[PDB]
């Protein structure tokens, strides 16, 4: 943890104790003694929780908290503590690349070129531009999660979140090396593009390939069956382009419009290419105002559904990001005509099924947005942030999750909520927003009822058997990956059995197991890691 921020140790049990000691491990000296807070029952975990507050101790070092007979694992106080996990999480995207060979000396991850057949992936249906079965080059991009499919909604939202991390602290990222393996992104590296932007461009390049001539965007690339726990270069079965959706077309437009702004200082032609693509997508959407989600039978036989049959929050993001990037006030008129509700409220954490906050963030940073409506959107952000602070401040684990929030992707949700707190802090600075955001990083790294980090490679306990075909087939730790997190609703055979057989029933915050097949809680995905990168950006030391 950081010298200038709050410092609590959360203790489950230990009801009979009254005091704690913070001990410097190098000297054995007690640097701080205090009284424990009162024990309070935590609904989501079933734990009775108290905490040791030593925030006023600011000296860097390695320490342990003693309570009664027990002493915590060593932990650090230091300004530099979040730089390493930020770097690991960001470079994990490089290690997820598809269509290239990877030989990474940092982790030892090695694989041959994978999914070369994506250069001729077959369209699963007939459309005005391709006969069914016709090949399209949709190579490149990132493998989505523990599988090797590539999906526009999560690709666009993850890329956007990473670009917002760039925009939060460009000077941090200009001097941050991701130790890109040999052979990767050679033209971009020769041009001196910052490593984070090199990596994001690999995904944007792929997203561009998913757009068809009329501006609409296909849904995903995958096979007709799920591969086993095999290296990606062994997944030789035919690959297809599946689906067509307006919500994904709009997310593509948002990501491309954001990329146009982000890349313009570096690559004027590429930035223009992104902006023109974003506008073709927006024009498709304006001419096709009703939502579409195409479903052909079999398209989910080897890949996830990522189904949304409405699209308002994503159309709003597309228009608002275009407003921000282009300064064309016609987008403000369009937004005020169709999306006035999102200018007055409805803030919610970013995820692939709801990008309202990406749109609100774009709007409040748009020079040509109406000033009174920008004020309204700032108030929507602060109302949501204030709610998160209220929840976390009264929660024994300082968590922004409620008992009913332990659904698939809860760890993403915790970090998406932290992201929202940081965006609120940007428009209306408030130390409570910063501190509560940082509390979700403490939670993510293991200060939680499950007793484990949900980011690989970090924490006394962390996921060692993530549902991840590359990790499993190569037996190589890839640090920095965020797994779904505790999920009391089930969805895989391991969790389904645990939840149905347990008596007493499992408490939602503990509905997690570290097993290869527990994909409803233990699978990492690009859109889980992305908000973690964003949040850690704020707290990482520059140099």
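Numbering follows the first chain given and starts at 1.
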Higher-scoring stretch by recorded Cα B factor average, 387-395 or 318-326 | 387-395
Do the CA atoms of 520-528 or those of 8-16 have the higher mean B-factor in the entry?
-> 8-16
For the listed 71, 452, 154, 348, which has the peak Cα B-factor recorded in the PDB entry?
-> 71
Looking at 479, 484, 46, 61, which has the highest CA B-factor as recorded?
-> 61
Modelled-residue ranking by C-alpha temperature factor, third containing residue 507 = middle
Residue 458 - Cα temperature factor, lowest/middle/highest third of chain = highest
Chain-relative C-alpha B factor for residue 292 (record values, thirds): the middle
So where's residue 25 on the chain's Cα temperature factor ranking, which third?
-> highest
For residue 536, return the chain-relative third of its C-alpha B-factor as stated in the PDB record: lowest, middle or highest.
-> lowest
